[PDB]
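Here's a solo chain for you in structure tokens, the form solved without the ligand.
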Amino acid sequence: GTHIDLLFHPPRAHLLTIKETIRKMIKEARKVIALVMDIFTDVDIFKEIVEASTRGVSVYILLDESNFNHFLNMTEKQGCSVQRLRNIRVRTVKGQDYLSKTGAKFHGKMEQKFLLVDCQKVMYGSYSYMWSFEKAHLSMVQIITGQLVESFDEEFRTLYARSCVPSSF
């Protein structure tokens, strides 16, 4: 009782692109959108999320900490003050703490990406929400429904508990 379809970019034998499928999933949202992403600079996908929040959908976004200022800079160039949108909460996640060869203290990255809508459908895979994934790279995603979606819901809650308010805010 889990069903899975594969999609690719550039696209193969499927009618929609990965980016067009992400837009559809967000337009179809009725209650909640949960997103985990490493880099998010795509203006078209951002515009779909803001529209959903204006309809009354609760939006929770978890971003890799090292790359967060790329997202904030895009939203400001769009004229948007994302801080002011009450139906959206944006928080950052760090990787492990570690010591380098020279003894300095750094943290790694959250290498995770997925989109979870209404606790019933997930898109999971290697596509990041930036221009390079449209024009330069090969990538793939799964569209997932059924019992496995509950395991993504539990992982989202665990990451939300770990996450912090962004330091730039």
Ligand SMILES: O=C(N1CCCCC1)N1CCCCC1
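We number the residues from 1 along the sequence you see. Throughout, rigid core stands for the largest set of C-alpha atoms superposing within 1.5 Å between the two forms. Shifts are known only where both forms have a C-alpha.
The protein also exists as the form deposited with the ligand bound; that form is not presented, and the subsequent description refers to it.
field: Residues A34, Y60 and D153 all lining the ligand in the bound PDB entry, heavy atom within 4.5 Å
entry: Affirmative, all three are within 4.5 Å.
Can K24 be called a contact residue for the ligand in the bound PDB entry at 4.5 Å between heavy atoms?
Outside the cut-off, so no.
Checklist entry - Would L116 count as touching the ligand in the bound PDB entry under a 4.5 Å heavy atom rule? => result Looking in the bound PDB entry, residue contacts with the ligand include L116, since a heavy atom lies within 4.5 Å.
key: Displacement runs between this form and the one not shown, C-alpha, 2 Å or more, three or more consecutive residues, core aligned   = 96-98 is the only stretch that shifts between this form and the one not shown.
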